[PDB]
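> Model the structure of this input:
(chains A and B)
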Amino acid sequence: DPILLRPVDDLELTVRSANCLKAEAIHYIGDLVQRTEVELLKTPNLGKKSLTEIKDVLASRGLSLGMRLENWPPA
DNA sequence: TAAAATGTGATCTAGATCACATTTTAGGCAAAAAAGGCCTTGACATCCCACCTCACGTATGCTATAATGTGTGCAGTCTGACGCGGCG
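Residues are numbered from 1 along each chain as shown, chains lettered A, B, ... in the order given. Below you will find the coordinate block:
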């Protein structure tokens, strides 16, 4: 999709969550959605609420978590 | 009357029982500490400011044989009515 290929700062993320993302080598939103929730919760600084509001904003702009890709990355 | 429903009963078969010890694990209550929010510090980078700053540019002065009344390239004349100043 045209929205697979965006950096996450178009979502206007937060500093703690941003540190969580850059800390975990998660580059593309296609790389985001291929990651699973429990693969996030165990990670540093990602407990209750990061998952809450990131779930909110992805509920806003029409996508969800944990989805599955194929032919990734086209780069 | 064709075609589906109805008795033989002994031999079995996957789950329930049933009192009590031990985990766990919440969930939710107290919180340690870390990472934003708050500020600071040092260090850099880029300046704004202006403060100068010399070359090039510019405002001004004389030049002693002598020379002395324009014109100068145009217009082509439209015309009928109305004011006004001479014009007798």
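> count of neighbours near residue A:55?
Look at residue A:55: counted by other CB atoms under 10 Å, it has 13 neighbours. Yep, even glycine has a C-beta here, placed from its N, CA and C like the rest.
> who's in contact with it?
residue A:65 (CB atoms under 8 Å, 6 or more residues apart in numbering).
> Ok, residue A:30 next?
Neighbour list for residue A:30: A:4-5, A:69, A:72-73 [criterion: CB under 8 Å, 6+ apart].
> Buried among the residues you listed? Need that as a selection in PyMOL.
With 16 or more other CB atoms under 10 Å as the criterion, this PyMOL line picks the buried residues out of these:
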select buried, chain A and resi 4
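> Show me what from chain A comes close to DNA strand B.
Residues of chain A that fall close to DNA strand B, judged by CB under 7 Å from any atom of the strand: A:14-16, A:19, A:45.
> try 10 Å
A:14-20, A:23, A:44-45, A:47 (CB under 10 Å from any atom of the strand).
> picking up where we left off before, format the contacts of residue A:30 as JSON lines; extra columns: secondary structure.
Putting those into JSON lines (DSSP: H, G, I helix; E, B strand; the rest coil) gives the following:
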{"residue": "A:4", "secondary structure": "coil"}
{"residue": "A:5", "secondary structure": "coil"}
{"residue": "A:69", "secondary structure": "coil"}
{"residue": "A:72", "secondary structure": "coil"}
{"residue": "A:73", "secondary structure": "coil"}
